[PDB]
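Here the structure comes first, spelled out in structure tokens, and everything after it is commentary.
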Amino acid sequence: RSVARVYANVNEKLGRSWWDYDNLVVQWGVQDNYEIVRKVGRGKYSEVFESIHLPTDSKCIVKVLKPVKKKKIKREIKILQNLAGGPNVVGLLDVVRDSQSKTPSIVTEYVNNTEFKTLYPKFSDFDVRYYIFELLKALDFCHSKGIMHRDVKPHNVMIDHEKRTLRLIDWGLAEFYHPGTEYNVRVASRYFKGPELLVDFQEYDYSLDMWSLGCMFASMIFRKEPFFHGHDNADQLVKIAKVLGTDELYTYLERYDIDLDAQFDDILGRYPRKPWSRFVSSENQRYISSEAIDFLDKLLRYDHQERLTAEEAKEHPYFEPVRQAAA
Ligand SMILES: Nc1ncnc2c1ncn2[C@@H]1O[C@H](COP(=O)(O)OP(=O)(O)NP(=O)(O)O)[C@@H](O)[C@H]1O
């Protein structure tokens, strides 16, 4: 009941060799070439440690996957393998596992990150333009290769501000895009979930990541994290409606023939479109420009087919200072 505007054809054109991650044979590395040092992060499905690849004595990242459906492990590995050498995608170094328990780990390149709540407010307007544009290179790449990231949130973007370098990480929710496939809507982080997830519209595509990038981008330029701050997946849709308005929400549901949950209507009610200008203040004015708002406004749409493609987004006037500086 939806197909993507772009890249709908990719997985058909690349082999079954490219998306059939169920039939992947995993060449496990050697567990004991890696020694864990320092625990640096935590997810619901993973341990992340700073570690050493002992033979090279190299700092790397080991991510210990909570034993979970083997199918899912097979998917993340094949995706990482596929995307290899792509711009600003985290480098996959190894896959290992325990001899006895068979608990797998992914070994990835280390990135000297700064936590975003500290790093983002140190940003200039050029900085935001530059790093979003480098994030747009990763989304455009992986989308061009039939893959939706599906967890694009600042926690999964690692920025080394001294090297001026960027990596997208946590491809644990990523999928291959197949035209017409119904996908699980329980993806993303509540704050970065697109409306299509919140109304249980299952036939979504790469445009999910663009909404997500929009929320992240609104955090940065408006200095509100999160920009939409829902207490649960129901309230999340309400916080979105208080900004984009409900008039546009009902034309969107009507256009895609979504019927809402019955008790959604005790809580939603009627909201006029709050304009983007009403979010400007003295403390966030540094990031604000007529180009930024226009760009943000073409990511944050109810209808996933009115959103920019990562490629169209790269052409936007907002990124002209970074394109120019490139040369
Ligand atoms: N390559 C890396 N370099 C540095 N830190 C990293 C790297 N990969 C992951 N981390 C840290 O580990 C945290 C969790 O890693 P992540 O890959 O997001 O695992 P997860 O279990 O999928 N968690 P979640 O994002 O909630 O789904 C990240 O937020 C980073 O702070």
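Chains: A, B, ... in order of the structure tokens. Residues: from 1 per chain. Ligands: from 1, in order shown.
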
Item checked: Residues near region 238-254 of chain A, cut-off 8 Å, only C-alpha atoms, skip fewer than 2 positions along chain, as a PyMOL selection string -> chain A and resi 228-230+234-236+256-259+267-275+301-303

Export of prior selection with N, CA and C atoms as a JSON list (two decimals), in the first residue's frame:
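Writing the result to again.json gives the following:
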[["chain", "number", "residue", "atom", "x", "y", "z"],
["A", 228, "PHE", "N", 10.39, 16.32, 20.31],
["A", 228, "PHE", "CA", 9.04, 15.81, 20.63],
["A", 228, "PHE", "C", 9.18, 14.91, 21.82],
["A", 229, "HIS", "N", 8.55, 15.22, 22.92],
["A", 229, "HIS", "CA", 8.88, 14.57, 24.21],
["A", 229, "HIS", "C", 7.65, 13.86, 24.75],
["A", 230, "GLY", "N", 7.29, 12.76, 24.12],
["A", 230, "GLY", "CA", 6.13, 11.96, 24.53],
["A", 230, "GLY", "C", 6.45, 11.02, 25.66],
["A", 234, "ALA", "N", 1.64, 6.62, 22.60],
["A", 234, "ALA", "CA", 0.40, 7.38, 22.30],
["A", 234, "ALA", "C", 0.69, 8.88, 22.38],
["A", 235, "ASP", "N", 1.17, 9.33, 23.53],
["A", 235, "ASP", "CA", 1.49, 10.75, 23.76],
["A", 235, "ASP", "C", 2.50, 11.25, 22.71],
["A", 236, "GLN", "N", 3.39, 10.38, 22.25],
["A", 236, "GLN", "CA", 4.38, 10.76, 21.21],
["A", 236, "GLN", "C", 3.63, 11.30, 20.00],
["A", 256, "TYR", "N", -3.91, 7.67, 3.29],
["A", 256, "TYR", "CA", -3.38, 6.29, 3.42],
["A", 256, "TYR", "C", -4.42, 5.34, 4.00],
["A", 257, "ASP", "N", -5.64, 5.82, 4.26],
["A", 257, "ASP", "CA", -6.77, 4.98, 4.74],
["A", 257, "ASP", "C", -6.39, 4.34, 6.07],
["A", 258, "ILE", "N", -5.68, 5.08, 6.89],
["A", 258, "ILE", "CA", -5.43, 4.60, 8.27],
["A", 258, "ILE", "C", -6.63, 5.02, 9.10],
["A", 259, "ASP", "N", -7.14, 4.09, 9.88],
["A", 259, "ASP", "CA", -8.13, 4.41, 10.90],
["A", 259, "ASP", "C", -7.39, 4.39, 12.21],
["A", 267, "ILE", "N", -7.78, 11.43, 23.66],
["A", 267, "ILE", "CA", -6.59, 12.28, 23.98],
["A", 267, "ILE", "C", -6.08, 13.18, 22.86],
["A", 268, "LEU", "N", -6.44, 13.00, 21.61],
["A", 268, "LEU", "CA", -5.71, 13.77, 20.58],
["A", 268, "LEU", "C", -6.26, 15.20, 20.58],
["A", 269, "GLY", "N", -7.52, 15.34, 20.20],
["A", 269, "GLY", "CA", -8.13, 16.66, 20.08],
["A", 269, "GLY", "C", -7.54, 17.45, 18.92],
["A", 270, "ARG", "N", -7.78, 18.74, 18.94],
["A", 270, "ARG", "CA", -7.59, 19.59, 17.74],
["A", 270, "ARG", "C", -6.44, 20.54, 18.01],
["A", 271, "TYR", "N", -5.52, 20.63, 17.07],
["A", 271, "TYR", "CA", -4.34, 21.50, 17.26],
["A", 271, "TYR", "C", -4.06, 22.20, 15.95],
["A", 272, "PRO", "N", -3.93, 23.53, 15.98],
["A", 272, "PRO", "CA", -3.48, 24.23, 14.80],
["A", 272, "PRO", "C", -1.97, 24.03, 14.65],
["A", 273, "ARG", "N", -1.53, 24.18, 13.42],
["A", 273, "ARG", "CA", -0.11, 24.12, 13.10],
["A", 273, "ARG", "C", 0.60, 25.27, 13.80],
["A", 274, "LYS", "N", 1.46, 24.93, 14.75],
["A", 274, "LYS", "CA", 2.42, 25.90, 15.34],
["A", 274, "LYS", "C", 3.52, 26.15, 14.32],
["A", 275, "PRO", "N", 3.84, 27.41, 13.97],
["A", 275, "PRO", "CA", 4.89, 27.65, 12.98],
["A", 275, "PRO", "C", 6.30, 27.44, 13.56],
["A", 301, "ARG", "N", 7.35, 15.79, 7.97],
["A", 301, "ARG", "CA", 6.04, 15.71, 7.30],
["A", 301, "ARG", "C", 5.37, 14.44, 7.78],
["A", 302, "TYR", "N", 4.05, 14.49, 7.91],
["A", 302, "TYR", "CA", 3.25, 13.29, 8.24],
["A", 302, "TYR", "C", 3.45, 12.26, 7.14],
["A", 303, "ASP", "N", 3.21, 12.66, 5.90],
["A", 303, "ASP", "CA", 3.27, 11.72, 4.76],
["A", 303, "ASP", "C", 4.73, 11.43, 4.44]]

Margin query: I need the strand (DSSP E or B) residues of region 17-133 of chain A per DSSP on the backbone, written as an MDAnalysis selection string.
Written below: chainID A and resid 34:42 46:53 58:65 89 92:97 104:109

Atoms kept (C-alpha atoms) for selection, written as a PDB file, in the first residue's frame:
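That gives us result-v8.pdb:
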ATOM      1  CA  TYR A  34      40.370  -9.856  21.745  1.00  0.00           C
ATOM      2  CA  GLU A  35      40.723  -8.689  25.344  1.00  0.00           C
ATOM      3  CA  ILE A  36      37.978  -6.493  26.866  1.00  0.00           C
ATOM      4  CA  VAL A  37      39.208  -3.413  28.765  1.00  0.00           C
ATOM      5  CA  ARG A  38      36.663  -0.763  29.683  1.00  0.00           C
ATOM      6  CA  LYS A  39      32.886  -0.841  29.461  1.00  0.00           C
ATOM      7  CA  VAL A  40      31.864   2.220  27.384  1.00  0.00           C
ATOM      8  CA  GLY A  41      28.179   1.693  26.614  1.00  0.00           C
ATOM      9  CA  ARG A  42      24.960  -0.221  27.203  1.00  0.00           C
ATOM     10  CA  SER A  46      24.246  -5.491  23.880  1.00  0.00           C
ATOM     11  CA  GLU A  47      27.327  -4.873  25.945  1.00  0.00           C
ATOM     12  CA  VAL A  48      29.790  -2.392  24.378  1.00  0.00           C
ATOM     13  CA  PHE A  49      33.405  -2.464  25.579  1.00  0.00           C
ATOM     14  CA  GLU A  50      36.567  -0.693  24.579  1.00  0.00           C
ATOM     15  CA  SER A  51      38.960  -3.555  23.860  1.00  0.00           C
ATOM     16  CA  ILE A  52      42.286  -4.502  22.267  1.00  0.00           C
ATOM     17  CA  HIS A  53      42.844  -6.694  19.230  1.00  0.00           C
ATOM     18  CA  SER A  58      44.804  -2.009  18.588  1.00  0.00           C
ATOM     19  CA  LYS A  59      41.973  -0.192  20.358  1.00  0.00           C
ATOM     20  CA  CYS A  60      38.658  -1.585  19.057  1.00  0.00           C
ATOM     21  CA  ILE A  61      35.002  -1.897  20.186  1.00  0.00           C
ATOM     22  CA  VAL A  62      33.450  -5.263  21.127  1.00  0.00           C
ATOM     23  CA  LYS A  63      29.668  -5.386  21.281  1.00  0.00           C
ATOM     24  CA  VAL A  64      28.361  -8.472  23.075  1.00  0.00           C
ATOM     25  CA  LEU A  65      25.015  -9.471  21.657  1.00  0.00           C
ATOM     26  CA  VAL A  89      29.462   3.740   8.167  1.00  0.00           C
ATOM     27  CA  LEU A  92      33.122  -3.987  10.876  1.00  0.00           C
ATOM     28  CA  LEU A  93      36.369  -5.605  12.162  1.00  0.00           C
ATOM     29  CA  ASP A  94      35.336  -9.144  13.211  1.00  0.00           C
ATOM     30  CA  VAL A  95      32.590 -11.404  14.504  1.00  0.00           C
ATOM     31  CA  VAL A  96      33.526 -13.810  17.319  1.00  0.00           C
ATOM     32  CA  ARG A  97      31.645 -15.852  19.942  1.00  0.00           C
ATOM     33  CA  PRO A 104      28.264 -13.721  19.633  1.00  0.00           C
ATOM     34  CA  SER A 105      30.113 -10.382  19.700  1.00  0.00           C
ATOM     35  CA  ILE A 106      30.598  -7.810  16.932  1.00  0.00           C
ATOM     36  CA  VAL A 107      33.985  -6.127  16.773  1.00  0.00           C
ATOM     37  CA  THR A 108      33.918  -2.622  15.323  1.00  0.00           C
ATOM     38  CA  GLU A 109      36.269   0.339  14.816  1.00  0.00           C
TER      39      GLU A 109
END

Item checked: Long-range neighbours of region 11-23 of chain A as number ranges by chain, 12 Å cut-off, only C-alpha atoms, 2 positions minimum in chain -> A: 6-9, 25-26, 69-83, 142-148, 174-179

Checklist line | All residues 8 Å or closer to region 162-170 of chain A, only C-alpha atoms, same chain fewer than 6 positions away omitted, as a list in words | finding: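 Here the answer would be residues 88, 89, 90, 111, 131, 134, 135, 138, 151 and 156 of chain A.
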
Keeping only C-alpha atoms, write the selected residues to a file as a PDB file, in the first residue's frame.
ATOM      1  CA  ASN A  88      30.728   7.264   7.407  1.00  0.00           C
ATOM      2  CA  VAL A  89      29.462   3.740   8.167  1.00  0.00           C
ATOM      3  CA  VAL A  90      31.171   2.124  11.128  1.00  0.00           C
ATOM      4  CA  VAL A 111      35.449   6.259  17.521  1.00  0.00           C
ATOM      5  CA  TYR A 131      27.802  16.947  10.477  1.00  0.00           C
ATOM      6  CA  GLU A 134      28.067  13.826   6.659  1.00  0.00           C
ATOM      7  CA  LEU A 135      25.136  11.895   8.224  1.00  0.00           C
ATOM      8  CA  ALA A 138      25.666   7.575   5.235  1.00  0.00           C
ATOM      9  CA  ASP A 151      17.268   3.696  14.671  1.00  0.00           C
ATOM     10  CA  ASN A 156      23.912   6.079  17.208  1.00  0.00           C
TER      11      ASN A 156
END

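Using only C-alpha atoms for every distance, the candidate list A:182, A:205, A:160, A:225 yields A:160 as the residue closest to residue 114 (chain A).
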
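Across the model, the gap from CA of residue 193 (chain A) to CA of residue 314 (chain A) is 22.3 Å.
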
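In terms of minimum interatomic distance to ligand 1, A:153 ranks closest within A:137, A:304, A:316, A:153, counting only C-alpha atoms and all ligand atoms.
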
Checklist line | All residues 8 Å or closer to residue 309 (chain A), only C-alpha atoms, same chain fewer than 4 positions away omitted, as a list in words | finding: residues 6, 140, 207, 210 and 313 of chain A

Next item on the list: Would you mind writing down, as number ranges by chain, each residue of region 91-170 of chain A that DSSP on the backbone assigns to alpha helix (DSSP H)?
Entry: A: 116-119, 125-144

May I have the selected residues written with C-alpha atoms, as an mmCIF file, in the first residue's frame?
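Result went into part_28.cif, see below:
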data_model
loop_
_atom_site.group_PDB
_atom_site.id
_atom_site.type_symbol
_atom_site.label_atom_id
_atom_site.label_comp_id
_atom_site.auth_asym_id
_atom_site.auth_seq_id
_atom_site.Cartn_x
_atom_site.Cartn_y
_atom_site.Cartn_z
ATOM 1 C CA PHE A 116 25.886 14.661 22.264
ATOM 2 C CA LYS A 117 24.316 16.622 25.183
ATOM 3 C CA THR A 118 27.859 18.008 25.747
ATOM 4 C CA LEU A 119 29.047 18.030 22.102
ATOM 5 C CA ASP A 125 25.960 26.784 12.587
ATOM 6 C CA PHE A 126 28.584 25.569 10.065
ATOM 7 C CA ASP A 127 29.235 22.559 12.368
ATOM 8 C CA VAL A 128 25.579 21.449 12.348
ATOM 9 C CA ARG A 129 25.508 21.962 8.530
ATOM 10 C CA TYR A 130 28.707 19.906 8.235
ATOM 11 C CA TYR A 131 27.802 16.947 10.477
ATOM 12 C CA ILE A 132 24.187 16.579 9.277
ATOM 13 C CA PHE A 133 25.628 16.628 5.725
ATOM 14 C CA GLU A 134 28.067 13.826 6.659
ATOM 15 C CA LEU A 135 25.136 11.895 8.224
ATOM 16 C CA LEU A 136 23.246 12.486 4.954
ATOM 17 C CA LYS A 137 26.123 10.764 3.124
ATOM 18 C CA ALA A 138 25.666 7.575 5.235
ATOM 19 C CA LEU A 139 21.845 7.479 4.892
ATOM 20 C CA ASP A 140 22.010 8.105 1.121
ATOM 21 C CA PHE A 141 24.644 5.345 0.797
ATOM 22 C CA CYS A 142 22.800 2.635 2.774
ATOM 23 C CA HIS A 143 19.408 3.594 1.245
ATOM 24 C CA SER A 144 21.046 3.276 -2.241
#

Next item on the list: Would you work out the distance separating CA of residue 194 (chain A) from CA of residue 4 (chain A), expressed in Å to one decimal?
Entry: 15.3 Å
